[PDB]
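Trainee: Structure: protein_35.pdb, PDB, C-alpha atoms.
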```
ATOM      1  CA  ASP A   1     -74.829 -49.836  -5.458  1.00  0.00           C
ATOM      2  CA  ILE A   2     -73.350 -49.090  -8.899  1.00  0.00           C
ATOM      3  CA  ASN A   3     -73.079 -50.920 -12.254  1.00  0.00           C
ATOM      4  CA  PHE A   4     -71.172 -51.131 -15.546  1.00  0.00           C
ATOM      5  CA  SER A   5     -69.235 -54.349 -16.008  1.00  0.00           C
ATOM      6  CA  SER A   6     -67.106 -55.300 -19.001  1.00  0.00           C
ATOM      7  CA  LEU A   7     -64.915 -58.330 -19.475  1.00  0.00           C
ATOM      8  CA  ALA A   8     -61.888 -59.196 -21.538  1.00  0.00           C
ATOM      9  CA  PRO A   9     -61.189 -62.774 -22.760  1.00  0.00           C
ATOM     10  CA  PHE A  10     -44.411 -69.387 -24.325  1.00  0.00           C
ATOM     11  CA  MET A  11     -42.524 -66.166 -25.285  1.00  0.00           C
ATOM     12  CA  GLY A  12     -42.983 -63.548 -28.041  1.00  0.00           C
ATOM     13  CA  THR A  13     -45.871 -61.102 -27.682  1.00  0.00           C
ATOM     14  CA  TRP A  14     -48.392 -62.629 -30.192  1.00  0.00           C
ATOM     15  CA  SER A  15     -49.530 -65.666 -32.249  1.00  0.00           C
ATOM     16  CA  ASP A  16     -53.166 -66.530 -33.332  1.00  0.00           C
ATOM     17  CA  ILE A  17     -55.619 -68.326 -35.728  1.00  0.00           C
ATOM     18  CA  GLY A  18     -58.604 -65.912 -35.092  1.00  0.00           C
ATOM     19  CA  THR A  19     -60.795 -65.672 -38.260  1.00  0.00           C
ATOM     20  CA  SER A  20     -64.484 -65.961 -39.320  1.00  0.00           C
TER      21      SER A  20
ATOM     22  CA  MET B   1     -89.306 -65.036  -5.699  1.00  0.00           C
ATOM     23  CA  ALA B   2     -88.866 -65.373  -9.474  1.00  0.00           C
ATOM     24  CA  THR B   3     -92.071 -67.020 -10.701  1.00  0.00           C
ATOM     25  CA  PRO B   4     -94.056 -67.288 -14.019  1.00  0.00           C
ATOM     26  CA  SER B   5     -95.642 -64.123 -15.522  1.00  0.00           C
ATOM     27  CA  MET B   6     -92.156 -62.617 -15.788  1.00  0.00           C
ATOM     28  CA  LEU B   7     -91.530 -63.460 -19.455  1.00  0.00           C
ATOM     29  CA  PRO B   8     -92.977 -60.214 -21.040  1.00  0.00           C
ATOM     30  CA  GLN B   9     -90.615 -58.115 -18.876  1.00  0.00           C
ATOM     31  CA  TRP B  10     -87.776 -60.436 -19.910  1.00  0.00           C
ATOM     32  CA  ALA B  11     -85.858 -60.358 -23.183  1.00  0.00           C
ATOM     33  CA  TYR B  12     -82.656 -59.186 -21.590  1.00  0.00           C
ATOM     34  CA  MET B  13     -79.429 -58.914 -23.541  1.00  0.00           C
ATOM     35  CA  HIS B  14     -76.325 -57.745 -21.768  1.00  0.00           C
ATOM     36  CA  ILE B  15     -78.311 -57.203 -18.575  1.00  0.00           C
ATOM     37  CA  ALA B  16     -78.605 -60.925 -18.009  1.00  0.00           C
ATOM     38  CA  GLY B  17     -77.420 -63.916 -20.009  1.00  0.00           C
ATOM     39  CA  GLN B  18     -74.073 -65.502 -20.839  1.00  0.00           C
ATOM     40  CA  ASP B  19     -70.729 -63.759 -20.234  1.00  0.00           C
ATOM     41  CA  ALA B  20     -69.011 -61.407 -22.680  1.00  0.00           C
ATOM     42  CA  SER B  21     -66.312 -63.911 -23.584  1.00  0.00           C
ATOM     43  CA  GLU B  22     -68.951 -66.409 -24.719  1.00  0.00           C
ATOM     44  CA  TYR B  23     -71.370 -64.099 -26.576  1.00  0.00           C
ATOM     45  CA  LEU B  24     -68.697 -63.490 -29.196  1.00  0.00           C
ATOM     46  CA  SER B  25     -67.945 -65.520 -32.273  1.00  0.00           C
ATOM     47  CA  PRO B  26     -65.123 -67.909 -31.358  1.00  0.00           C
ATOM     48  CA  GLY B  27     -62.602 -66.382 -33.796  1.00  0.00           C
ATOM     49  CA  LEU B  28     -62.936 -62.910 -32.284  1.00  0.00           C
ATOM     50  CA  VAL B  29     -62.223 -64.432 -28.854  1.00  0.00           C
ATOM     51  CA  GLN B  30     -58.828 -65.652 -30.127  1.00  0.00           C
ATOM     52  CA  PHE B  31     -57.981 -62.357 -31.897  1.00  0.00           C
ATOM     53  CA  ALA B  32     -58.793 -60.347 -28.786  1.00  0.00           C
ATOM     54  CA  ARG B  33     -56.573 -62.436 -26.494  1.00  0.00           C
ATOM     55  CA  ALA B  34     -53.506 -62.242 -28.698  1.00  0.00           C
ATOM     56  CA  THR B  35     -53.692 -58.463 -29.279  1.00  0.00           C
ATOM     57  CA  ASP B  36     -54.854 -57.153 -25.868  1.00  0.00           C
ATOM     58  CA  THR B  37     -51.544 -55.574 -24.903  1.00  0.00           C
ATOM     59  CA  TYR B  38     -51.303 -52.945 -27.701  1.00  0.00           C
ATOM     60  CA  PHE B  39     -54.996 -52.756 -28.690  1.00  0.00           C
ATOM     61  CA  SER B  40     -57.872 -53.347 -26.246  1.00  0.00           C
ATOM     62  CA  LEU B  41     -61.244 -54.855 -27.143  1.00  0.00           C
ATOM     63  CA  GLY B  42     -62.280 -55.723 -23.574  1.00  0.00           C
ATOM     64  CA  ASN B  43     -64.300 -52.558 -22.951  1.00  0.00           C
ATOM     65  CA  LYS B  44     -66.158 -52.885 -26.238  1.00  0.00           C
ATOM     66  CA  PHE B  45     -68.339 -55.596 -24.722  1.00  0.00           C
ATOM     67  CA  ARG B  46     -70.577 -55.499 -21.700  1.00  0.00           C
ATOM     68  CA  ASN B  47     -70.448 -58.461 -19.376  1.00  0.00           C
ATOM     69  CA  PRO B  48     -73.761 -59.309 -17.605  1.00  0.00           C
ATOM     70  CA  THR B  49     -73.414 -60.087 -13.896  1.00  0.00           C
ATOM     71  CA  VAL B  50     -76.511 -61.405 -12.127  1.00  0.00           C
TER      72      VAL B  50
ATOM     73  CA  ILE C   1     -92.425 -27.979  -1.639  1.00  0.00           C
ATOM     74  CA  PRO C   2     -91.988 -24.716   0.575  1.00  0.00           C
ATOM     75  CA  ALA C   3     -91.913 -24.080   4.405  1.00  0.00           C
ATOM     76  CA  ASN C   4     -92.046 -26.597   7.349  1.00  0.00           C
ATOM     77  CA  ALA C   5     -91.449 -30.311   8.204  1.00  0.00           C
ATOM     78  CA  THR C   6     -93.676 -33.487   7.956  1.00  0.00           C
ATOM     79  CA  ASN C   7     -95.904 -35.190   5.308  1.00  0.00           C
ATOM     80  CA  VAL C   8     -98.719 -34.415   2.785  1.00  0.00           C
ATOM     81  CA  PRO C   9    -100.359 -37.004   0.377  1.00  0.00           C
ATOM     82  CA  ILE C  10    -100.114 -38.578  -2.989  1.00  0.00           C
ATOM     83  CA  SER C  11    -100.459 -41.923  -4.707  1.00  0.00           C
ATOM     84  CA  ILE C  12     -99.303 -42.541  -8.275  1.00  0.00           C
ATOM     85  CA  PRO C  13    -100.612 -45.004 -10.861  1.00  0.00           C
ATOM     86  CA  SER C  14     -99.912 -47.719 -13.471  1.00  0.00           C
ATOM     87  CA  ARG C  15     -97.136 -50.212 -14.208  1.00  0.00           C
ATOM     88  CA  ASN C  16     -93.430 -51.178 -14.755  1.00  0.00           C
ATOM     89  CA  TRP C  17     -90.635 -52.171 -12.321  1.00  0.00           C
ATOM     90  CA  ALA C  18     -87.962 -54.805 -12.983  1.00  0.00           C
ATOM     91  CA  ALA C  19     -84.177 -54.639 -13.158  1.00  0.00           C
ATOM     92  CA  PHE C  20     -84.401 -51.913 -10.533  1.00  0.00           C
ATOM     93  CA  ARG C  21     -81.291 -51.225  -8.486  1.00  0.00           C
ATOM     94  CA  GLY C  22     -80.790 -48.594  -5.782  1.00  0.00           C
ATOM     95  CA  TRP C  23     -81.948 -45.081  -5.031  1.00  0.00           C
ATOM     96  CA  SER C  24     -79.336 -42.395  -4.493  1.00  0.00           C
ATOM     97  CA  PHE C  25     -80.000 -38.926  -3.369  1.00  0.00           C
ATOM     98  CA  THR C  26     -78.468 -35.774  -2.111  1.00  0.00           C
ATOM     99  CA  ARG C  27     -79.652 -32.253  -1.473  1.00  0.00           C
ATOM    100  CA  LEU C  28     -78.603 -29.527  -3.854  1.00  0.00           C
ATOM    101  CA  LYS C  29     -79.239 -25.823  -3.905  1.00  0.00           C
ATOM    102  CA  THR C  30     -80.743 -24.034  -6.856  1.00  0.00           C
ATOM    103  CA  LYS C  31     -77.634 -22.831  -8.590  1.00  0.00           C
ATOM    104  CA  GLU C  32     -75.808 -22.610 -11.827  1.00  0.00           C
ATOM    105  CA  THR C  33     -77.675 -24.742 -14.420  1.00  0.00           C
ATOM    106  CA  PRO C  34     -80.938 -23.058 -15.635  1.00  0.00           C
ATOM    107  CA  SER C  35     -81.774 -26.320 -17.443  1.00  0.00           C
ATOM    108  CA  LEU C  36     -79.895 -28.253 -20.081  1.00  0.00           C
ATOM    109  CA  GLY C  37     -80.621 -27.347 -23.707  1.00  0.00           C
ATOM    110  CA  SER C  38     -80.860 -23.593 -23.204  1.00  0.00           C
ATOM    111  CA  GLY C  39     -78.583 -20.619 -22.695  1.00  0.00           C
ATOM    112  CA  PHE C  40     -78.659 -16.956 -21.651  1.00  0.00           C
ATOM    113  CA  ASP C  41     -81.701 -17.498 -19.395  1.00  0.00           C
ATOM    114  CA  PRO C  42     -83.147 -15.343 -16.565  1.00  0.00           C
ATOM    115  CA  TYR C  43     -83.131 -18.707 -14.771  1.00  0.00           C
ATOM    116  CA  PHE C  44     -79.340 -18.762 -15.002  1.00  0.00           C
ATOM    117  CA  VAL C  45     -77.620 -18.027 -11.706  1.00  0.00           C
ATOM    118  CA  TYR C  46     -74.101 -18.144 -10.026  1.00  0.00           C
ATOM    119  CA  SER C  47     -70.782 -19.255 -11.568  1.00  0.00           C
ATOM    120  CA  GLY C  48     -69.155 -21.346  -8.809  1.00  0.00           C
ATOM    121  CA  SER C  49     -68.941 -25.138  -8.590  1.00  0.00           C
ATOM    122  CA  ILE C  50     -71.995 -27.006  -9.904  1.00  0.00           C
ATOM    123  CA  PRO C  51     -72.707 -30.016  -7.659  1.00  0.00           C
ATOM    124  CA  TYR C  52     -75.064 -31.382 -10.335  1.00  0.00           C
ATOM    125  CA  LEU C  53     -72.416 -31.776 -13.041  1.00  0.00           C
ATOM    126  CA  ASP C  54     -69.516 -32.266 -10.615  1.00  0.00           C
ATOM    127  CA  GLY C  55     -69.272 -34.970  -7.970  1.00  0.00           C
ATOM    128  CA  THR C  56     -69.228 -32.188  -5.369  1.00  0.00           C
ATOM    129  CA  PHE C  57     -72.020 -32.266  -2.775  1.00  0.00           C
ATOM    130  CA  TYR C  58     -71.948 -30.604   0.612  1.00  0.00           C
ATOM    131  CA  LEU C  59     -75.529 -30.610   1.885  1.00  0.00           C
ATOM    132  CA  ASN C  60     -75.428 -34.386   2.128  1.00  0.00           C
ATOM    133  CA  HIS C  61     -75.801 -34.158   5.904  1.00  0.00           C
ATOM    134  CA  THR C  62     -79.052 -32.198   6.198  1.00  0.00           C
ATOM    135  CA  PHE C  63     -81.355 -35.247   6.263  1.00  0.00           C
ATOM    136  CA  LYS C  64     -83.337 -36.561   9.191  1.00  0.00           C
ATOM    137  CA  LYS C  65     -85.160 -39.457   7.538  1.00  0.00           C
ATOM    138  CA  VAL C  66     -86.009 -40.934   4.181  1.00  0.00           C
ATOM    139  CA  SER C  67     -88.957 -43.333   4.372  1.00  0.00           C
ATOM    140  CA  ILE C  68     -89.223 -45.420   1.201  1.00  0.00           C
ATOM    141  CA  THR C  69     -92.370 -47.422   0.675  1.00  0.00           C
ATOM    142  CA  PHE C  70     -94.389 -48.868  -2.233  1.00  0.00           C
ATOM    143  CA  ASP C  71     -98.053 -49.219  -3.125  1.00  0.00           C
ATOM    144  CA  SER C  72     -99.567 -47.238  -0.248  1.00  0.00           C
ATOM    145  CA  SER C  73     -99.554 -49.945   2.423  1.00  0.00           C
ATOM    146  CA  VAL C  74     -96.339 -51.877   1.785  1.00  0.00           C
ATOM    147  CA  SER C  75     -93.207 -50.598   3.476  1.00  0.00           C
ATOM    148  CA  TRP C  76     -90.129 -51.637   1.596  1.00  0.00           C
ATOM    149  CA  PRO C  77     -87.530 -51.780   4.459  1.00  0.00           C
ATOM    150  CA  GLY C  78     -90.211 -53.923   6.192  1.00  0.00           C
ATOM    151  CA  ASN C  79     -89.564 -57.277   7.880  1.00  0.00           C
ATOM    152  CA  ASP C  80     -88.011 -55.483  10.877  1.00  0.00           C
ATOM    153  CA  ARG C  81     -84.643 -55.216   9.123  1.00  0.00           C
ATOM    154  CA  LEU C  82     -83.687 -52.085  11.046  1.00  0.00           C
ATOM    155  CA  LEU C  83     -84.122 -50.992  14.672  1.00  0.00           C
ATOM    156  CA  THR C  84     -86.450 -48.270  13.432  1.00  0.00           C
ATOM    157  CA  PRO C  85     -87.905 -50.323  10.613  1.00  0.00           C
ATOM    158  CA  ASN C  86     -90.476 -48.125   8.855  1.00  0.00           C
ATOM    159  CA  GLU C  87     -87.966 -45.513   7.768  1.00  0.00           C
ATOM    160  CA  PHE C  88     -84.237 -45.154   7.373  1.00  0.00           C
ATOM    161  CA  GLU C  89     -83.017 -42.354   9.592  1.00  0.00           C
ATOM    162  CA  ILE C  90     -79.814 -40.511   8.779  1.00  0.00           C
ATOM    163  CA  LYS C  91     -79.254 -38.480  11.898  1.00  0.00           C
ATOM    164  CA  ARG C  92     -81.049 -38.459  15.194  1.00  0.00           C
ATOM    165  CA  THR C  93     -81.158 -35.281  17.229  1.00  0.00           C
ATOM    166  CA  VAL C  94     -81.732 -36.342  20.833  1.00  0.00           C
ATOM    167  CA  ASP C  95     -80.930 -40.023  21.235  1.00  0.00           C
ATOM    168  CA  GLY C  96     -82.106 -41.896  24.311  1.00  0.00           C
ATOM    169  CA  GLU C  97     -82.070 -45.491  23.067  1.00  0.00           C
ATOM    170  CA  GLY C  98     -78.377 -45.465  22.117  1.00  0.00           C
ATOM    171  CA  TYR C  99     -79.008 -45.876  18.389  1.00  0.00           C
TER     172      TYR C  99
ATOM    173  CA  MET D   1    -100.470 -13.373 -12.405  1.00  0.00           C
ATOM    174  CA  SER D   2    -102.831 -12.599  -9.527  1.00  0.00           C
ATOM    175  CA  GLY D   3    -104.952 -14.639  -7.126  1.00  0.00           C
ATOM    176  CA  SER D   4    -108.308 -12.838  -7.188  1.00  0.00           C
ATOM    177  CA  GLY D   5    -110.578 -13.415 -10.155  1.00  0.00           C
ATOM    178  CA  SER D   6    -112.702 -16.216 -11.545  1.00  0.00           C
ATOM    179  CA  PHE D   7    -112.759 -19.949 -10.803  1.00  0.00           C
ATOM    180  CA  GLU D   8    -113.134 -21.790  -7.491  1.00  0.00           C
ATOM    181  CA  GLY D   9    -112.654 -25.328  -6.164  1.00  0.00           C
ATOM    182  CA  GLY D  10    -115.156 -28.170  -6.095  1.00  0.00           C
ATOM    183  CA  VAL D  11    -115.946 -31.083  -3.809  1.00  0.00           C
ATOM    184  CA  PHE D  12    -113.856 -33.501  -5.858  1.00  0.00           C
ATOM    185  CA  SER D  13    -110.624 -35.530  -5.907  1.00  0.00           C
ATOM    186  CA  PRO D  14    -110.105 -38.544  -3.619  1.00  0.00           C
ATOM    187  CA  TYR D  15    -106.672 -38.228  -1.994  1.00  0.00           C
ATOM    188  CA  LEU D  16    -105.237 -41.647  -1.154  1.00  0.00           C
ATOM    189  CA  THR D  17    -102.964 -41.840   1.881  1.00  0.00           C
ATOM    190  CA  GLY D  18     -99.720 -43.762   1.922  1.00  0.00           C
ATOM    191  CA  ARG D  19     -98.024 -46.198   4.291  1.00  0.00           C
ATOM    192  CA  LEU D  20     -97.170 -43.267   6.606  1.00  0.00           C
ATOM    193  CA  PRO D  21     -94.685 -43.622   9.527  1.00  0.00           C
ATOM    194  CA  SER D  22     -96.127 -43.139  13.055  1.00  0.00           C
ATOM    195  CA  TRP D  23     -95.550 -39.850  14.905  1.00  0.00           C
ATOM    196  CA  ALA D  24     -95.714 -39.182  18.628  1.00  0.00           C
ATOM    197  CA  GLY D  25     -94.180 -37.203  21.507  1.00  0.00           C
ATOM    198  CA  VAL D  26     -97.322 -35.062  21.963  1.00  0.00           C
ATOM    199  CA  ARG D  27     -97.664 -32.303  24.561  1.00  0.00           C
ATOM    200  CA  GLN D  28     -99.035 -28.797  24.257  1.00  0.00           C
ATOM    201  CA  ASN D  29    -100.567 -26.034  26.362  1.00  0.00           C
ATOM    202  CA  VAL D  30    -101.348 -22.356  25.583  1.00  0.00           C
ATOM    203  CA  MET D  31     -99.427 -21.134  28.631  1.00  0.00           C
ATOM    204  CA  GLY D  32     -96.746 -23.806  28.096  1.00  0.00           C
ATOM    205  CA  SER D  33     -94.224 -23.679  25.238  1.00  0.00           C
ATOM    206  CA  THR D  34     -93.799 -27.396  24.259  1.00  0.00           C
ATOM    207  CA  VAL D  35     -91.523 -27.813  27.312  1.00  0.00           C
ATOM    208  CA  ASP D  36     -90.282 -31.409  27.286  1.00  0.00           C
ATOM    209  CA  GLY D  37     -87.188 -30.277  29.197  1.00  0.00           C
ATOM    210  CA  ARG D  38     -86.673 -27.256  26.952  1.00  0.00           C
ATOM    211  CA  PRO D  39     -89.332 -25.425  24.861  1.00  0.00           C
ATOM    212  CA  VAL D  40     -87.372 -25.713  21.598  1.00  0.00           C
ATOM    213  CA  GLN D  41     -86.848 -29.453  21.502  1.00  0.00           C
ATOM    214  CA  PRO D  42     -85.432 -30.657  18.119  1.00  0.00           C
ATOM    215  CA  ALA D  43     -86.964 -33.886  16.782  1.00  0.00           C
ATOM    216  CA  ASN D  44     -89.272 -34.319  13.782  1.00  0.00           C
ATOM    217  CA  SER D  45     -92.646 -32.638  13.301  1.00  0.00           C
ATOM    218  CA  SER D  46     -95.073 -30.235  15.001  1.00  0.00           C
ATOM    219  CA  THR D  47     -95.226 -26.655  16.279  1.00  0.00           C
ATOM    220  CA  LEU D  48     -92.668 -24.481  14.482  1.00  0.00           C
ATOM    221  CA  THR D  49     -89.287 -25.075  12.751  1.00  0.00           C
ATOM    222  CA  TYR D  50     -86.049 -25.923  14.594  1.00  0.00           C
ATOM    223  CA  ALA D  51     -82.544 -24.836  13.629  1.00  0.00           C
ATOM    224  CA  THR D  52     -80.567 -26.458  16.462  1.00  0.00           C
ATOM    225  CA  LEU D  53     -79.001 -29.925  16.358  1.00  0.00           C
ATOM    226  CA  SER D  54     -78.928 -30.271  20.154  1.00  0.00           C
ATOM    227  CA  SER D  55     -77.578 -33.554  21.412  1.00  0.00           C
ATOM    228  CA  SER D  56     -77.290 -35.334  24.797  1.00  0.00           C
ATOM    229  CA  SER D  57     -76.633 -33.370  28.013  1.00  0.00           C
ATOM    230  CA  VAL D  58     -74.701 -34.405  31.135  1.00  0.00           C
TER     231      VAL D  58
END
```
Would you give me this structure, written as structure tokens?
Mentor:
Amino acid sequence: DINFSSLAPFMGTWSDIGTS
Amino acid sequence: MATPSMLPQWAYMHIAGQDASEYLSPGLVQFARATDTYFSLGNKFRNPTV
Amino acid sequence: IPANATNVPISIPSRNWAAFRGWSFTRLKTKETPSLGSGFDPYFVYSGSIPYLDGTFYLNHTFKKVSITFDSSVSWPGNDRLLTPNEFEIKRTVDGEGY
Amino acid sequence: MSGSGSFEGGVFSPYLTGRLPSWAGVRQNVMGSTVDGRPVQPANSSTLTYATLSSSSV
């Protein structure tokens, strides 16, 4: 076997309300 | 199989536990989604798979 | 270990296994690396491809068997998983059972 | 170094023996040659080293 897994999480390429 | 007496070996973080997209603070989840096309942040977190 | 086939003893002590995954193995040849963290050694040899720091391997076909056990009386591929169950073979010279 | 000098073994050290796979296919004589159809017969263990990867005959 082998390991190491990682995971990532309308028009116009962005819009967000991501803050603390 | 998995039975009591296995707690001292356990304390596992990013080997087992909740997925990468749920560990994070909820605001950094949003930021990451919007910007992952010019600026990755997917490989900066390790996703446990059990 | 130097010169001739078969088995000689050990058993090894103490504690810790958990979150263990496979075993992977290949045969190398004592070549370029004298050891890491050193330089200009009399242990330094050759200059060709290093199969230890490159994904090259070429002696990965010189194996007859590779018994893996535990404890000293537990055989890990046990439960009759295989048709020769007490060892994994890799090549069989002279086959009469059609395995 | 050298091998002749001072210190010599004792009567000590238990060696514990492992699971150990079975081994068989025994046959020997001092006027024979381990002839099981051929004197050099490749297959694991005993006698003296092989170097041939002989496989099934017709």
Trainee: On this file, the PyMOL selection byres ((chain A) within 9 of (chain B)) gives some set of residues; write that set as a ChimeraX atom specification.
Mentor: /A:4-9,13-20
Trainee: The PyMOL selection byres ((chain C and resi 29) around 12) on the file shown: which residues, as number ranges by chain?
Mentor: C: 26-28, 30-33, 45-46, 49-52, 56-60, 62
Trainee: Export, as a CSV table (one decimal), in the frame of the given file, the selected residues with C-alpha atoms.
Mentor:
```
chain,number,residue,atom,x,y,z
C,26,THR,CA,-78.5,-35.8,-2.1
C,27,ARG,CA,-79.7,-32.3,-1.5
C,28,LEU,CA,-78.6,-29.5,-3.9
C,30,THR,CA,-80.7,-24.0,-6.9
C,31,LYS,CA,-77.6,-22.8,-8.6
C,32,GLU,CA,-75.8,-22.6,-11.8
C,33,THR,CA,-77.7,-24.7,-14.4
C,45,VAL,CA,-77.6,-18.0,-11.7
C,46,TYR,CA,-74.1,-18.1,-10.0
C,49,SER,CA,-68.9,-25.1,-8.6
C,50,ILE,CA,-72.0,-27.0,-9.9
C,51,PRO,CA,-72.7,-30.0,-7.7
C,52,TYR,CA,-75.1,-31.4,-10.3
C,56,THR,CA,-69.2,-32.2,-5.4
C,57,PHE,CA,-72.0,-32.3,-2.8
C,58,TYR,CA,-71.9,-30.6,0.6
C,59,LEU,CA,-75.5,-30.6,1.9
C,60,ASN,CA,-75.4,-34.4,2.1
C,62,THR,CA,-79.1,-32.2,6.2
```
Trainee: Separation of atom CA of residue C:66 and atom CA of residue C:80, in Å?
Mentor: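 Distance reported for this atom pair: 16.1 Å.
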Trainee: I need the contact residues of chain D against chain C, so if you could list those with any atom within 8 Å, counting all atoms listed in the file, and return them as a list in words, that would help.
Mentor: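 Therefore, the residues near the partner are residues 15, 16, 17, 18, 19, 21, 42, 43, 44, 45, 46, 48, 49, 53, 54, 55 and 56 of chain D.
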Trainee: Could you give me, as CSV, every chain C residue with an atom at most 10 Å from chain B, plus its closest atom pair and distance in Å to one decimal, counting all atoms listed in the file, rows ordered by chain then number?
Mentor:
```
residue,atom,partner,partner_atom,distance
C:16,CA,B:9,CA,8.5
C:17,CA,B:9,CA,8.8
C:18,CA,B:9,CA,7.3
C:19,CA,B:15,CA,8.4
```
Trainee: With a cut-off of 10 Å and counting only C-alpha atoms, select all residues of chain A in contact with chain C and give the selection as a list in words.
Mentor: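 That gives the following set of residues: residues 1, 2 and 3 of chain A.
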Trainee: Take atom CA of residue C:99 and atom CA of residue C:78 and report the distance between them in Å, one decimal.
Mentor: 18.4 Å
